[PDB]
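**Student:** Provided hereafter are the protein sequence and its experimental coordinates.
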Amino acid sequence: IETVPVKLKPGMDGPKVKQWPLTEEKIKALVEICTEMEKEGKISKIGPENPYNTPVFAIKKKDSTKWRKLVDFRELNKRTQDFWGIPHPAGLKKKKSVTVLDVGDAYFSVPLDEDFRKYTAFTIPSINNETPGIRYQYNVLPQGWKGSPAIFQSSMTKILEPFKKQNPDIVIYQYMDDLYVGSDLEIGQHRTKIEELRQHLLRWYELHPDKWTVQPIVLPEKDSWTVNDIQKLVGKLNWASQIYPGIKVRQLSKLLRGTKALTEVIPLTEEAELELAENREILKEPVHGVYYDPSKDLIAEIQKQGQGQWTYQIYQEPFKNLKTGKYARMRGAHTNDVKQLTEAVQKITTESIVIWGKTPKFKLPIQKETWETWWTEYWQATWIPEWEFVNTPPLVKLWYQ
Amino acid sequence: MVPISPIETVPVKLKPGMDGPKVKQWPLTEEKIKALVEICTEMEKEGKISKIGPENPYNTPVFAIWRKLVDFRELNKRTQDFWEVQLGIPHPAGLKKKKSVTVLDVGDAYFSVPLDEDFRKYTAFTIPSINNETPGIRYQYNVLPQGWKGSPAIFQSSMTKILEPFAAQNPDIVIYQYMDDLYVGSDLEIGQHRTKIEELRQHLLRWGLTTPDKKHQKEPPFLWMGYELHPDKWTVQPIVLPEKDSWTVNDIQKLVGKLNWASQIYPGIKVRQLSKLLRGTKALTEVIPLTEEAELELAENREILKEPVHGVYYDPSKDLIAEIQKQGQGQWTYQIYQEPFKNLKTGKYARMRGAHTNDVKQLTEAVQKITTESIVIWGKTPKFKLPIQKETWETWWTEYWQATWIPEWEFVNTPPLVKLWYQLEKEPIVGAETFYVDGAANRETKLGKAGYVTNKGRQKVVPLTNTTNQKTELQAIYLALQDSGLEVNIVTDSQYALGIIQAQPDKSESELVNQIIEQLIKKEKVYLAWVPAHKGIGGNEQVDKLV
Ligand SMILES: N#Cc1ccc2ccc(Oc3ccccc3OCCn3ccc(=O)[nH]c3=O)cc2c1
């Protein structure tokens, strides 16, 4: 009920960002939604004296036919002053199960600092630029802004105080418009506790971190090796030598001596088997000296493995993975690569939020124009990460497969 | 006197850390001075301006050409940024046909809109007196000045704010607002239409706005922004192509621009050969000769622009269809229509700048472009007709390392068809010869060697002058392709070559790569394997090409 003063970073003007085109249905949805919000005082129409603009579009969350308004507050977020800090709950990732809740509706109760409101300006676009877009600005705390959870921290603490005093074994974390709740209960008891907590938030997505871990580098086990098998093996070991110190391939390379046919079977020497065994033993151990630096960006690389399968690696320094994984989940995405990639990016981002409390910078295996054309059609998340585009095929593709 | 409604001003501030403009007034002839005096007298009588005292430090230069001209460039440099709604323009193909369309121009346009009084003191300007033996006559604006930065945006927003209730009260008619013109339309009868036009200009008159009293000064066809707008159809204004035996760079730019403009409705417009001459620009004076390709292309452009073609308007009750054709040399053309033979609009796509490429990728890019354009113009994605088989697209996107997608589309058979020219094996080939290739080059002498050894004892090493490591590594693979059967396995240590080939080009800027491609096309089965160099891997011989 009392506005807290908010400014920008020194030497930075408010965001001016081109609004990209929308389909007619998304436009109509946004018109309806924003009309209602205007009737509720959450937003207000502005004049030409406001140069600032932030992109906006519409989505549909899981198990809901109701359109939702999503604002790409990325530029405003990086232009907004740093807000202060709560140390990340390192036990959240260690918990058996975690449920994510949408606490966005809460923000609209708290009013936004007047002087700052002109920076949250957005435009509902029109088809074919027929009539000028509908320009609004926010009066209350907007969803997607990084200042909104920072301001509501005290309120959220006050609301969740009894529940925290009730169950000390339940971990509670907050990121943007989402509230992550971790525990070790049973799925039924979990869901009932979630109904309890959501009812506790009312009067005022099952995710299991334990079923996800890091992944090792495995080598084939064969009774018979062809020249091709040994060549690929040597390639993989040579690559993995960039990560593990003691990997040697000279005894295996010794088998390839001479020029033979790729399909010809070569029996392994004892030295070769020994070398391979040692390499296995080495790969079984974790990676030497791998730490997390909060001052460094998180980078995520994604490879398309085909047949709905995808591999990914989260790291900071090259060959120093903090997390690795393989998304192969198929829901309704069978005929569409882009949908799969988008859902994969969302899942990886979510995992990243659970582990470190921030999103990674993605390196997507897709052409810029394709991604930029289609990614908003399959995006159900309230936040957005940063991304770049790799136009050169990586050779390491099958080395994670 | 009927009390016309006022208009709320738009608050305007100068850019932060800046102060209002102060500029020395230019010396003027006595004639000019008298003219400016009479004009500014009339304007002051109208209320557009007002005399001010000596207190105001700010001043703007004024000229006479009689018509007065206030140079607000400095104030524009010092005035705040505004939200401009003119980014992009409505495309005629996006308009929906109406039985009646009337035009009301807003004479007394900017001068009917009040300016924020706190800002008026920054628009101050002076008139030099005769012989300068008296203090100059000081004036300030009370309305939106012509040439000011904030005039168009404020005017547009004001007019919108005024028009909103009438539009809400008349959903059965559509009103478009562009600069100093209003375009009204309706599917009603002509009498009811003219009636509602009278109602509208009355509603506007309530705020003290004037529209043409006589029969409206403009009637179809409408000449607007290079377009001709007829009742049943739209097209572009007639083309102008200069013909001279000596061409400059600027002339090339103008020609390219006009051809690109004409290409949105005239199908088959090609602009590559003339755009290739725009390398090494920034020099507007030069003489650039024509190739036979460029001359034949321009002749074909004069062939297409020979007879007029018209686009139609948009009917939402019918599907939206976009058909694509390959033209060659990275050129693509497309038509967007609803009924066959009746285009809504046309267009072209040129491949981007790259070392290697294939037809499927370019097709994908073209589709993306048309998709974006279509969402801009009609707010939906059209159904596509593509010259590519379903099976081809299937194989491509299933085996492509990148993620890729095309919206709903069907196969139209209109050659040339986009096809996959070759496909690499996923596994080594049984009974196929195994060529271990390698190439090396000396960084100093630019001398190198490329060759292969095989499992059957076949060997070759070829010496090369003026070459690099990458070139010799490609040359080795090419050699293996030349001297092998319809089925072949190839082992290389070149990450470069493997990258290039795994990118799957059907065409390249490098002749050697093109020759390798032509080799791949002739083959039945090709397996390309990779191994690390200098690992002592048997059969892979750096020692053979390093001599
Ligand atoms: N911004 C902007 C802008 C600029 C110029 C315009 C010219 C005519 C026009 O016209 C229209 C105005 C209101 C509603 C529907 C319109 O056009 C549908 C197609 N059409 C056209 C011309 C004609 O004679 N008959 C027709 O059926 C709308 C315009 C809008």
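**Tutor:** Okay, I see it. Numbers count the residues shown, from 1 in each chain, chains lettered A, B, ... in the order given.

**Student:** hey, let's count contacts and neighbours off CA atoms from now on
**Tutor:** Will do.

**Student:** Where does the stretch 351-500 of chain B get nearest to the ligand, which residue?
**Tutor:** Residue nearest to the ligand within the stretch 351-500 of chain B: residue B:377 (12.3 Å; C-alpha to the nearest ligand atom).

**Student:** could you list every residue that touches that residue?
**Tutor:** Shown in contact with residue B:377 (C-alpha atoms under 8 Å, 6 or more residues apart in numbering or on different chains): A:127, A:128, B:90, B:91, B:93, B:94.

**Student:** now residue B:337
**Tutor:** By C-alpha under 8 Å, 6+ apart, the contact list for residue B:337 reads B:320, B:321, B:322, B:343, B:344, B:345.

**Student:** Out of those residues, the closest to residue A:223 would be?
**Tutor:** residue B:322 (56.4 Å; C-alpha to C-alpha).

**Student:** Could you say whether the closest one sits in a helix, a strand or coil?
**Tutor:** For residue B:322, the assignment made with DSSP: H, G, I helix; E, B strand; the rest coil gives strand.

**Student:** tally of neighbours for it?
**Tutor:** Neighbours of residue B:322 under the rule other C-alpha atoms under 10 Å in any protein chain shown: 24.

**Student:** before we move on, what about the one 5 residues further on?
**Tutor:** Other residues within reach of residue B:327, judged by other C-alpha under 10 Å, total 16.

**Student:** ok so, going back, that's a strand at the residue of the stretch 351-500 of chain B closest to the ligand, yeah?
**Tutor:** No: according to three-state DSSP, residue B:377 belongs to no strand; its state is helix.

**Student:** before we move on, the earlier item: got the contacts of residue B:377 as CSV, with secondary structure columns?
**Tutor:** As requested, those are exported to CSV (three-state DSSP):
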residue, secondary structure
A:127, helix
A:128, helix
B:90, coil
B:91, coil
B:93, helix
B:94, helix
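
**Student:** Filter the residues you listed down to the buried ones, ChimeraX style.
**Tutor:** Buried members of the contacts of residue B:377, defined by 16 or more other C-alpha atoms under 10 Å in any protein chain shown, are picked up in ChimeraX with:
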select /A:127,128 /B:90,93,94
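
**Student:** just the contacts of residue B:377 that are near the ligand?
**Tutor:** By C-alpha under 6 Å from any ligand atom, the members of the contacts of residue B:377 lying near the ligand are residue B:90.

**Student:** out of the contacts of residue B:377, who's nearest the ligand?
**Tutor:** residue B:90 (5.5 Å).

**Student:** Enumerate every residue touching the closest one.
**Tutor:** Taking C-alpha under 8 Å, 6+ apart as the test, what residue B:90 contacts is A:128, A:129, A:130, B:377.

**Student:** I am assuming residue B:381 contacts residue B:374, so please confirm or correct that.
**Tutor:** Yes: shown here, residue B:381 and residue B:374 form a contact pair, counting by C-alpha atoms under 8 Å, at 6.0 Å.

**Student:** Make sure residue A:101 is indeed in a strand.
**Tutor:** Yes: counting by three-state DSSP, residue A:101 is part of a strand.

**Student:** any idea how far it is from the ligand?
**Tutor:** Applying C-alpha to the nearest ligand atom, to the nearest Å, the value for residue A:101 to the ligand is 44 Å.

**Student:** does that residue really touch residue A:174, like I thought?
**Tutor:** No: taking contacts as C-alpha under 8 Å, residue A:101 lies outside contact range of residue A:174: 9.5 Å.

**Student:** Overlap in contacts, the two.
**Tutor:** residue A:180.

**Student:** Check the burial of the residue nearest to residue A:390 when sequence neighbours are not counted by counting its neighbours.
**Tutor:** In this structure, residue A:390 finds its nearest non-sequential neighbour in residue A:365, 5.6 Å apart by C-alpha to C-alpha, 6 or more residues apart in numbering or on different chains. By the criterion of other C-alpha under 10 Å, residue A:365 has 23 neighbours.

**Student:** Also residue B:120?
**Tutor:** Neighbour tally, residue B:120, other C-alpha under 10 Å: 19.
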